[PDB]
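Next up, structure tokens for two forms of one chain, structure 1 and then structure 2.
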Structure 1
């Protein structure tokens, strides 16, 4: 004994890290916990519900600095890199998250902290409220593409290079970047773009 929600969640996360999402069935989980379905459902509900809890549990891995003046740009980037670290350390997690609710204790307080750091930058509400949404969406998407990946890049990269340079001039000349941009490079590139935009729209 005995089944707790937190104990169920750590177990489901344990097997997600090891063997990935599709190997996370309620049956497998129930099997690991050596318990009956009934007790499992009562605690975490169904699989969507379980994922939700798993998503929230790993959010503690994300660190949101307290705002230092002079340092907003860099601090927001820290937060974002922290979120990406979480995604990279957890198989299939970005897949769990890009759909679902940070509406849970850990996500709720992480929001508060995130909103605090954003507003401190002189962003205004709509801008702060949305910016946080934008950054989160950005990081999650970039992380989904990362874990997604090979040679596709290479077959695609070459496919574009072969284009009739007379009709598809830009494509041939941009074939490289389009296809095979360093993951870290894309992240940092997108990070700067969004951050500069937020500042531009603050003042």
Structure 2
């Protein structure tokens, strides 16, 4: 062991995790890479759970919640989200982690704070700015999973196409809509589906917002 810290340990874990995925991450695996005994490891970071939280928190430094600006709101919200997504893309299995874990931690609440600022900044009231953030982050995760599981795109490529084949060759009299919509369902264009989900939620917010009429 060289000078071990709760940061060199984490930067190490993540290293393995990109490389090889969630299940290859174990305590014994980790302590191996770093050239140390279980003592030093369990000291800074604990069992496997705690470790994933620390892993989660550190990569978060990557996202950016911009400071509120004169009439850029909608875009400033898209920026923010599109930023968070770019994060999930680089790092294997990170979304899997996110589903059953608290959005807590240094980065975790320096992040909520700036998320709440910007939203409330849209002339949005309490309950709606609170929940709103939940829904966005919820929205962007799900998406990131969806993409997570898409050679590369050859297995998905043909599956999608064989799905697209069955749909159109379905009978028209009993299935007018699905015959009509075989593309827009099987479309494996995540980029544009993503900008859509955003357009929608956001307008749902703005509309939600100034309801006081």
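Positions refer to the first chain, counted from 1. Rigid core: the largest C-alpha set superposing within 1.5 Å between the two forms.
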- Query: Which one of 137, 170, 60, 39 is the only residue whose C-alpha moves by 2 Å or more between structures 1 and 2, after superposing on the core?
  - Reply: 39
- Query: By how many angstrom is the Cα of residue 49 displaced between structures 1 and 2 when the rigid core is overlaid?
  - Reply: 2.1
- What is the magnitude, in angstrom, of the C-alpha shift at residue 159 between structures 1 and 2 when the rigid core serves as the superposition reference? 1.8
- Message: Please give the CA displacement of residue 89 between structures 1 and 2, in Å, after core superposition.
- Response: 0.9
